[PDB]
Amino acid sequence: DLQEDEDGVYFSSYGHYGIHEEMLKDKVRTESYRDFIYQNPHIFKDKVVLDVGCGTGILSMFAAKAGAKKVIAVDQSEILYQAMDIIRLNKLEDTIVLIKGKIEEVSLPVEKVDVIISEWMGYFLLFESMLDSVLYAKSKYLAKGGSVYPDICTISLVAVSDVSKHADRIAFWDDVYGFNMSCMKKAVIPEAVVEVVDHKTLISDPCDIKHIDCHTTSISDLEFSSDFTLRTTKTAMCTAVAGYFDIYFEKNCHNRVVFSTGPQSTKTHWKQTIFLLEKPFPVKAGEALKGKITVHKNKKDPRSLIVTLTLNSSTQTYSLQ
């Protein structure tokens, strides 16, 4: 589902600089990878590294500077040509070789690799389905005893109370300049929203719903279902549930690195994913709220996701893009 096709629109959006300007300007994201690599040179010095989805080539340059014997940087979009130029501009041609194409179909100049690095995550962590490609490369190229980074990730949910943001999106259509447009809500609620959540509006402790180990995880594990319980922290009206993720650099590290894309942390370009509830419900502090969430990829467009959520004995299916 992700090994075949093409996805024109997909690799075409990664052809322009804007999207890369945004990632590079994401300090939490970029400095986290820089610190990991530079602070654990033992992992790269004299090793062969593979950068899955190199973009402008930034991660590969970090590895080279750390001591990599050879780095292989691959990308399917046209941004690969601007990377060919950037590597030359920095005089790293004798260390980093570039290849244009899909990681699951191109021919590598080597058999196996010692380390694999990649920034493949999307909104709610799995949007875009790039982890599938990373797992593919892991199976075919990782040497026995090798490591993939970042190696561990997790996804969590948090209860929210914000009646004004709810009204702004839903109740709004009830009266537009004196006219009723209520029929519009039917197409608004089912859509998940990527946006920054005010930390002061969280009404429950966060709860983990997924754990991933890029060494033991498989492709089939990326479509799951999970029961969870949120422990209420405040007496307020629950209007929505927010999701986010955390990334970890751990195996063989003398200096471990971690970063969160949650509401209590510094903003990142990933923000947070919001599932508005059709019917907000009163919650009391100390209360325990049992729920269920199922995440599956759109069968018609494998890069998009489908989320089924149950809370307060009410179920709703949302779609992410």
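Sequential numbering from 1, following the sequence displayed.
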query	finding
Greater mean Cα temperature factor according to the PDB record, 53-61 or 263-271	263-271
Stretch with the higher entry mean CA B-factor, where the candidates are 197-205 and 216-224	216-224
Residue with highest C-alpha B-factor in the PDB entry, from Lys45, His296, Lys292, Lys70	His296
CA B-factor placement of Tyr244, once the chain's modelled residues are sorted into thirds	lowest
Third of chain Cα B-factors occupied by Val9	highest
CA B-factor ranking of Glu191, expressed as a third of its chain	highest
Where the record places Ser313 (Cα B-factor, split into thirds across the chain)	middle
CA B-factor placement of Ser77, once the chain's modelled residues are sorted into thirds	highest
